[PDB]
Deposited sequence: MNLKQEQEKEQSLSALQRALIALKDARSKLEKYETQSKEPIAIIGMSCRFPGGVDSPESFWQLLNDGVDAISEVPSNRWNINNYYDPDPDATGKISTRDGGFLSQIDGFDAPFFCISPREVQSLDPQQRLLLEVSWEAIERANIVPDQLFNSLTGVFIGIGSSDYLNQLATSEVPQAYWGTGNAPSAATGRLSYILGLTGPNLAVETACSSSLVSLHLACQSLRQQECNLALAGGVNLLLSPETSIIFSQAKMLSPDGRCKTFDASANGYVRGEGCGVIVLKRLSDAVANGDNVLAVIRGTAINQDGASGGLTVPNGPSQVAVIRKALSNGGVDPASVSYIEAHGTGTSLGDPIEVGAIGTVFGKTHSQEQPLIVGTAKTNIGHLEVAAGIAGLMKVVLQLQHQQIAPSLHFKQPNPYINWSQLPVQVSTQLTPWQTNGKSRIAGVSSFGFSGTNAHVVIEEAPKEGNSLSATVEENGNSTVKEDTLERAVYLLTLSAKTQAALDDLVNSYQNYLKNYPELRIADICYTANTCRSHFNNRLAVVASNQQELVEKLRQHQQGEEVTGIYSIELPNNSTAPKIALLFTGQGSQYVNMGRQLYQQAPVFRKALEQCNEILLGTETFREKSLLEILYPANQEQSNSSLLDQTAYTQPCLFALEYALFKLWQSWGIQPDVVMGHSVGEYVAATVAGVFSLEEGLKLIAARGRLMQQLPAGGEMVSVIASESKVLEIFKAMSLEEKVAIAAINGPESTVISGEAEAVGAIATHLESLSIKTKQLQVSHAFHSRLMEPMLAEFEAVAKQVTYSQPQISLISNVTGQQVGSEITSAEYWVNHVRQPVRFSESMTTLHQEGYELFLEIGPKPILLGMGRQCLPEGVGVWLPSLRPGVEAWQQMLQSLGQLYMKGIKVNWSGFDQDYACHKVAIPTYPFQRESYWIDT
């Protein structure tokens, strides 16, 4: 009674309390989960010594154990004016050698919109950050337009270079000197060019700079200050001054080599380079199906303090920083298999580092199961500000390839290191990175000269249509030519990648620039051939190219819907057997109506009863496909049977309403009597009208269509039609009798006109959304279309197609897409408009495979600037984002 109530209340009380407890718990779990969340590395790019211009090239170098160290290039400074190995020499450099980039003056100024004036005072550090970041983003398969105006963070390890001090020597200070040389402007320019609004900073902690930026980026992402982050470092060797300071401070090896862990370690070698990585919180990278290269688990940064010299390393400081980083990501020391050491190859540094590693991993590691150590420094030198980014990248590649690369110069193990009491092993050979199921974890160390130490822990990453359309584009013809070349080498080197996947990635994950190319292909070999054909200039079907003018807009597009005489057996069968947007429309029709499908596509006809509603559906199905790919008509029109589908598209009817009407007239005109003929006459509408008058046949013969200025279709009684044709032939006027059933748009259509006006009366008429050109008028349809009168008058009146075309031409239309099984209206269309005017595109065409016609037309719309829904175009297929070529920068020399 009321006992039910006190018990109902008690259940509802608990119910609420459990709901509140669940939600409170969830709220706190989210906070904890977020705080220790791995940060997915989703893209990387670099410029390192030894001609390294990508992670693939860095890995080959690392894999093959190549010494990238060379003599100071004559073009940087004359090493002959500074080299002196004598430790007592004043104002001299200890070494002849360094780790240098292949070029530093080269930059694609127009790509980034930097005027040639501005580039003269632009720090080569900024030039490299722009190229590298762009590529890091491309490689992460993000589109900079969809990245534009976003909450993305920029965290760069960057110090001032000597560029400005080389300008101050020759010229008078200019306004660009500031933006061109400030490290704050360097990072600022990335946010400016890529349109990034998140946190932005330039850090400088010497050798740990690159790793401090990572820590800060990971802080930002966990704290939800951004959703994407660029993290990197730069370091350039522009003047010998810094090399004199480092030689005088006794930091540099007279051998010009980092002989890390070797008995002969006697300082480091100065290298230069640039590395940028793209970061997301792991959950966001899993949600977006990004390829995770590796994950950053934990980071720590600390200081040596008063414990020892300002420029001398400190073992307890290094121990605290590794331990804090392991603590920050919840990694146990036992989980770690590899360390990419700071390993600068100094006499006192090597023992302090290995000793600090021995302190951290001593209880977790054994001499039989040791920790592996090594450094990129033995290949490319010490990149100082950019060391750490190079270290991280090496570790990431090692994780990708499941191999540990060899560390160079390790001949005599250092006697000052107690090898027998430290479970440490120097990687001397390229070896499989073995594990026992256990996920591969590594550490990267960077110990700054002024005592600012940093450490990072990185774990291994977790765990139909047979005709294709490829789009390529660059900001310049030269750049597109270089891009096409990239693809030819790319396709020859990676034949294991699916053309479906390559195409999908290029269309969806790459920028659509003004110098474009569209290629239709069914297999990799065909694609390869067509790219070669285009390069040689061999004008071949399925390959379209154009340079759109700068700041150009998508043109207006006219949709022309086909008429009665267009049908054939199995028309667009392939799209039914292969295209879901088309099928969800063609089957939806079939439900309204033997079956539409058995008539259209039999197991194994031209009669108006079938003929009329079929085309409507087929055209609605084709229109459903085109809008799915992002095509939206600016005006519509159709030859009688096609004005039905043109009207449903603009709103006038529902698929059901419109398809009921077309099935009605089809069934109606079929039961109508014989003796009905239609003739195609090559003569003006006036010439035919004067002959109708002359022969007194005006009440027995009608003009069915005006399709051209000298191309008209006559309709009426068999004898009368034959009489006018015979007379027209007598006048040398060409005539063609149509394989028609009944005399359409002729007086003979009067009996049915009431039984069909009955059907039209039982229909709701909604106003049109898109512009429609009337068949009855040859002008823009007004409010006239609303009343079922317009549709009854439609059967009786001649089809003014010629005027419909001139209307479109007067409105400035030059792009026409035919939605139908044959390019009929295109042929008639080309005849109405002046020669060579407009672009005419079919949907279906006999002799051309359905997908082949649809894609050749799509590529041609993409040449006009029509924004294609490329996501939409590959939605119903099993596509995966793959690695594809990055942008081919058109480099030019800027200095002085």
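Participant: Ranges lacking C-alpha coordinates, please, mapped onto the deposited sequence and listed in sequence order.
Facilitator: In sequence order, the gaps with no modelled C-alpha are 1 to 2, 466 to 487, 618 to 625, 637 to 644, 937 to 938.
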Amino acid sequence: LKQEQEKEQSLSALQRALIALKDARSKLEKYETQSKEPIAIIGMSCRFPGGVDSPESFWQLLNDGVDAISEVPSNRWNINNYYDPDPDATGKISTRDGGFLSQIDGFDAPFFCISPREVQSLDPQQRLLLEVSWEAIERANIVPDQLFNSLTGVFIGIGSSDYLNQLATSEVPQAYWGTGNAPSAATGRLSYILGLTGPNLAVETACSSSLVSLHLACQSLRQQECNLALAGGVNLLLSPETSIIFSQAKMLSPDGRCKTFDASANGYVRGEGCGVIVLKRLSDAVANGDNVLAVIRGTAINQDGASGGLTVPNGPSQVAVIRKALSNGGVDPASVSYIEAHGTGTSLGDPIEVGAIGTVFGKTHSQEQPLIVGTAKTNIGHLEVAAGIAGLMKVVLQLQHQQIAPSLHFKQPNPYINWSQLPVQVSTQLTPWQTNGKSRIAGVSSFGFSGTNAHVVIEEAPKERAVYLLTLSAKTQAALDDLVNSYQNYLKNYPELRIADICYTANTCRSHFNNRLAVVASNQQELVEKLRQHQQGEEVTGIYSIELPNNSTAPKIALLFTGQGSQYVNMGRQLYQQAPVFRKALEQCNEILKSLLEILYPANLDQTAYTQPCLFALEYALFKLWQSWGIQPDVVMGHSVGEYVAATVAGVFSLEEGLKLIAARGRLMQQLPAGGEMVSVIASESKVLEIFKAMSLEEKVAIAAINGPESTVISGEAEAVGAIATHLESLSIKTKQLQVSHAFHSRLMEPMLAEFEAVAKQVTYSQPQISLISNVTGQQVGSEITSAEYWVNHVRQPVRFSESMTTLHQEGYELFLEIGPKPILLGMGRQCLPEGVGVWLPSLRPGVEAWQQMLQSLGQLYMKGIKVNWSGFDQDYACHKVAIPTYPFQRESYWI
From here on, numbers count along this sequence of modelled residues.
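Participant: Per the PDB record, is the mean Cα temperature factor higher over 89 to 97 or over 440 to 448?
Facilitator: The stretch with the larger average C-alpha B-factor is 89 to 97.
Participant: Test of understanding: from the entry's C-alpha B-factors, which stretch has the higher mean, 765 to 773 or 356 to 364?
Facilitator: Per the deposited B-factors, the answer is 765 to 773.
Participant: Compare the CA B factors listed in the entry for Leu326, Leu430, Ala478, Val795 and report the winner.
Facilitator: Max CA B-factor in the entry, restricted to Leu326, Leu430, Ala478, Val795: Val795.
Participant: Checking the record values for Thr152, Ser730, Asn485, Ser208, which has the greatest CA B factor?
Facilitator: In the PDB entry, the greatest C-alpha B-factor among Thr152, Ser730, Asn485, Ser208 is found at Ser730.
Participant: Which third, lowest, middle or highest, does the C-alpha temperature factor of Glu835 belong to within its own chain?
Facilitator: According to the entry, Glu835 has a C-alpha B-factor in the chain's highest third.
Participant: Which third, lowest, middle or highest, does the CA B-factor of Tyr338 fall in along this chain?
Facilitator: For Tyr338, the deposited C-alpha B-factor lands in the lowest third.
Participant: Ranked by Cα temperature factor within the chain, is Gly651 in the lowest third, the middle third or the highest third?
Facilitator: It falls in the top third of the chain.
Participant: Looking at the C-alpha B-factor of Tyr83, is it in the lowest, middle or highest third of its chain?
Facilitator: As the PDB entry reports it, the C-alpha B-factor of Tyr83 lands in the middle third of its chain.
Participant: Based on the entry's values, in what third of the chain does the Cα temperature factor of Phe410 lie: lowest, middle or highest?
Facilitator: It falls in the middle third of the chain.
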